[PDB]
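Commentary on secondary and tertiary structure
The primary structure of each chain is shown beneath.
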Amino acid sequence: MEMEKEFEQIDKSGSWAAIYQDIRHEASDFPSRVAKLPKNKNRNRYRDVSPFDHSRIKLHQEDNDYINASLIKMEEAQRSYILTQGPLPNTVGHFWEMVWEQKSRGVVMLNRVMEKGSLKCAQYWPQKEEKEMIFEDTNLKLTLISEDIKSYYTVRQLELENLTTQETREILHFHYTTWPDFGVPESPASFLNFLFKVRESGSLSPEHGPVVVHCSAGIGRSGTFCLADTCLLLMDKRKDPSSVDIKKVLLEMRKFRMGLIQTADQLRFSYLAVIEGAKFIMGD
Ligand SMILES: O=C(O)c1ccc(Cc2cccs2)cc1
């Protein structure tokens, strides 16, 4: 396996930091002027993570259409993803407006609400069936329907109601709960299992709007999820699987959102996940 050879060569030479910096150097730079307007300061979690103007998701309202979210459109793989920050106390209603307007079936959450003793995102979904949430600013109601708690992830069924029209939709919430506070998982087995569970739900399929994916900033863990998915889909589709270049797929994705894959360890983990996800598709 070529990617596996490139992998053993970088590991034996200990050059992960050098490969990573080369990607940082070659990555696209596009304007983010809407993100930086003074009216939007409390809509951004991090001053250094903004959506590009060309790929940003627009809210369908005349007041202020801004949300920190990007459309990643992968033309050859035929997959689209929305990558977004963890919602803030004043953007939870905007978040559910986006899910509604973009016709998403699934939300993928890769963080815990508290990590390293600090809040990484708002408690944006209801924890009990009989205590629903109403978002008065966007006119939406959200109800917990069911919850399935497993060792490495939790799946929830949610009902989202547009209070304006009384239409309802079922949203699936896929919550990966065991990413460690520091570094990356030792084995990619539980992350690949989780990826397969999202695929099996229909959430990534072209009959729905794009999947919404987030962590805290929406670039690191979130970047790893869409990079692994896209690379495995391309290996399934092409006559020569050996031709899939993970570094070139990552640079393509960085044309749509800055900073995807935050560390040399996240880059190495993405290689491991793709290599193992291929080894098992080589014989399940
Ligand atoms: O790089 C290789 O040598 C290689 C990679 C993948 C395959 C077979 C696969 C096709 C699709 C997913 S795995 C064969 C050879």
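Parameters at a glance
- Residues numbered from 1 in each chain as written, not as in the entry; some residues may be left out.
- Heavy atoms only, no water.
- UniProt positions renumbered as here; feature names shortened; annotations may be inferred.
- Helix = DSSP H or I, 4+ residues; strand = E, 2+ residues; numbered from the N terminus.
- Rg over C-alpha atoms; globule rule 2.2 N^0.38 Å.
- Buried < 20%, exposed > 50% of the residue type's maximum accessible area, 1.4 Å probe, protein only.
- Contact = heavy atoms within 4.5 Å.
- Areas by Shrake-Rupley, 256 points an atom, 1.4 Å probe, with all protein chains shown as cover.
- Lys, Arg positive; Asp, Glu negative; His and termini not counted.
- Charge placed at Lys NZ, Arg CZ, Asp CG, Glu CD.
- Near = heavy atom within 4 Å.
- Polar contact = N/O pair within 3.5 Å; in protein donor to acceptor, adjacent residues only side chain to side chain.
- Nonpolar A, V, L, I, M, F, W, Y, C, P; charged D, E, K, R; others polar.
- Pairing = 2+ DSSP bridges.
- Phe/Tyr/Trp six-rings, centres within 6.5 Å; stacked < 30°, edge-to-face > 60°.
- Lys NZ or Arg CZ within 6 Å of the ring centre and 35° of its normal.

The deposited coordinates for this entry were obtained by X-ray crystallography, with a reported resolution of 1.8700 Å.

The PDB entry lists the protein chain under the name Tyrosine-protein phosphatase non-receptor type 1, with Homo sapiens as the source organism. Its UniProt record, at the heading Catalytic activity, says of the protein chain: "O-phospho-L-tyrosyl-[protein] + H2O = L-tyrosyl-[protein] + phosphate".

1. What to know about the overall build of the protein chain
Per the secondary structure count, the protein chain includes eight helices and ten strands. Scaling as 2.2 N^0.38, a compact globule of 284 residues should have a C-alpha radius of gyration of about 19 Å, and the protein chain matches this with 19 Å. Along the three orthogonal principal directions, the C-alpha set of the protein chain runs to about 55 × 40 × 40 Å. Within the span of the protein chain, comprising 284 residues, buried residues form 52% of the whole. Residue pairs at least 24 apart in sequence account for 64% of intrachain contacts in the protein chain once pairs closer than 6 positions are excluded. With the model as given, the accessible surface of the protein chain reaches about 13,900 Å², and the carbon-plus-sulfur share is 49%. Charged side chains in the protein chain number 38 positive and 41 negative. The centres of these two groups are separated by 4 Å.

2. Focus: the UniProt feature "active site" in the protein chain
Per the UniProt record, "active site" is found at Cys215. Along the chain, the position of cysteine 215 falls in the loop between strand 10 (211-214) and helix 6 (221-237). Those residues in contact with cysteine 215 that lie beyond four places of it in its chain are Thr84, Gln85, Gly86, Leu110, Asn111, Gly220, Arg221 and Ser222.

3. What to know about the site of the ligand
Near the ligand you find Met1, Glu2, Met235, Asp236, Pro241, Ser242, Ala278 and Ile281, and these make up its full shell. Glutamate 2 is positioned with one of its backbone polar atoms (N or O) 3.2 Å from an oxygen atom of the ligand. Starting from 390 Å² of accessible surface for the ligand in isolation, the protein chains cover 72%. When grouped by side-chain class, the residues that make up the shell around the ligand number five nonpolar, one polar and two charged.

4. Quick look at the pairing of strand 7 (residues 140-149)
In this sheet, strand 7 lies alongside strand 6 (residues 133-135) in antiparallel orientation, the contact comprising three bridges. Across the sheet, the residue bridging to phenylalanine 135 is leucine 140, located in strand 7. Between strand 6 and strand 7, which follow one another and run antiparallel, lie four residues, and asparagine 139 among them has a positive phi close to 65 degrees. Note: strand 7 against strand 8 (residues 153-162), nine bridges, orientation antiparallel.

5. A closer look at the packing of aromatic side chains
According to the stated counting rule, one finds 16 aromatic pairs in the structure shown. Judged by centre distance (5.5 Å) and plane angle (70 degrees), the rings of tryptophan 179 and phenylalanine 269 are edge-to-face. Note that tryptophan 179 is positioned in the loop between strand 9 (167-176) and helix 5 (189-200) and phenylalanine 269 in helix 8 (residues 264-281), a separation of 90 residues in sequence. Here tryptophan 179 matches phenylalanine 269 in class, with each residue buried. Taken together, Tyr153, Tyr176, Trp179, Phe191, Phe194, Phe225 and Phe269 form an aromatic cluster joined through their ring pairs. Its guanidinium or amino end placed over the ring of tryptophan 100, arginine 169 lies 3.8 Å from that ring's centre, counting from NZ or CZ.

6. Some words on the pairing of strand 10
Here strand 10 shows a buried face lined by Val211 and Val213 and a second buried face lined by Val212 and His214. Both strand 3 (residues 106-109) and strand 10 contribute to a ladder of three bridges, which runs parallel. Note on strand 10: the bridge partner recorded for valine 108 is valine 213.

7. Structural notes on the side chain of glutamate 4
With respect to the helices and strands, the residue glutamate 4 is situated in helix 1 (residues 2-13). Within the structure, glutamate 4 has its side chain in polar contact with the side chain of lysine 279 (distance 3.2 Å). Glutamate 4 has contacts with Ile275 and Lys279, leaving out every residue within four places of it along the chain.

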